[PDB]
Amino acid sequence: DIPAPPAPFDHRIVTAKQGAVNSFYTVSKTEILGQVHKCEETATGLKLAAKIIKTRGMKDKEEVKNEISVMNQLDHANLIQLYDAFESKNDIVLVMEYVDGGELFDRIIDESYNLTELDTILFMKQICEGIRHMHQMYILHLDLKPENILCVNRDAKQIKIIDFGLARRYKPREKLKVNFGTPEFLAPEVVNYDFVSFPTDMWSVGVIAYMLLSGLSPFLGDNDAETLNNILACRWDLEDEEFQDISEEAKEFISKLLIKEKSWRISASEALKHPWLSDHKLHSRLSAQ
């Protein structure tokens, strides 16, 4: 398929201004995107999105300023682009690229019965492209889940990663602070309070692939503790009836990502090179159907 259209502006090195977003942007009070408001640069008319991030402490503010700093290093059509930013006493506002007619990926997944395997393959190439770019820029996402991915267009199969709240430049000995409420997306290293790295994102890629193919969450149990049990036992399978009709390649792909031990997971770059995502004679057969 066709690569996503770029932001209508060139990639910027954004630094947060002291002052009110209101002084340079008209923020919509009725159009809410996810808090995220539609907005418009007053001077130019340019249509953008405004994420008001509430910040209690200095540490909260510092987390957002890291987020800005990270977006600054990420220039790619599958990664939402920062346009401007504003800091007040109680919040930092980010102004970002706006995608007209976006649908969040948890929606796409709720409607997984719509998707052929080829549709998912194509969405997956794009998701991997975004992650491959982040990793080759030495950056970890660390929060890759359907609610953080926007389906730009269903037909063209185009996506944009739209939040970098936990993203950071790679360092050794990176331990995350985590909470076990609704933990189905957590990598086992995050659950075990171990260090995170590039494979931490690849686990999530595995999870998303499983979910697009079946509409089911691979590690969900009847409650949070039972879900944690599944993650720590790395307990999952492709025995559900949704998986009966999928290719062997698909099955091998997920098997190379849902691995408890980090170092064994394939990279983003390898994921793209994998027969599920790269094999033309397979995609052809898939189209014929």
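Note that residue numbering follows the sequence shown and begins at 1.
Peer 1: Our gap detector needs a label for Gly221 to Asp222. Which class matches the unmodelled residues of the deposited sequence there: none, 1 to 3, 4 to 9, or 10 or more?
Peer 2: The entry has no unmodelled residues between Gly221 and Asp222.
Peer 1: Averaging only over Cα atoms, indicate whether 239-247 or 60-68 has the higher B-factor in the PDB entry.
Peer 2: It is 239-247 that shows the higher mean C-alpha B-factor.
Peer 1: Should the higher mean CA B-factor in the entry be assigned to 226-234 or to 51-59?
Peer 2: Looking at the record's C-alpha B-factors, the answer is 51-59.
Peer 1: Between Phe180, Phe164, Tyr138, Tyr98, which one tops the list for C-alpha B-factor in the PDB entry?
Peer 2: Each of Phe180, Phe164, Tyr138, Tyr98 was compared by C-alpha B-factor; the highest is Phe180.
Peer 1: Looking at the C-alpha B-factor values in the deposited entry, which of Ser204, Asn114, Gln73, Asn78 comes out highest?
Peer 2: Of the candidates given, the C-alpha B-factor peaks at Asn114.
Peer 1: Considering only modelled residues of the same chain, in which third does the CA B-factor of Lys262 rank: lowest, middle or highest?
Peer 2: According to the entry, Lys262 has a C-alpha B-factor in the chain's middle third.
Peer 1: Mind checking which third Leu272 falls in for C-alpha B-factor across the chain?
Peer 2: Ranked within chain, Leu272 CA B lands in the middle tercile.
Peer 1: Where does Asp155 sit by CA temperature factor within its chain: lowest, middle or highest third?
Peer 2: Its C-alpha B-factor, which the entry lists for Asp155, ranks in the highest third among residues of this chain.
Peer 1: Looking at the entry's B-factor column for C-alpha atoms only, identify whether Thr120 ranks in the lowest, middle or highest third of its chain.
Peer 2: It falls in the middle third of the chain.
Peer 1: Lowest, middle or highest third: where is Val27 by C-alpha B factor in its chain?
Peer 2: Its C-alpha B-factor belongs to the middle third of this chain's values.
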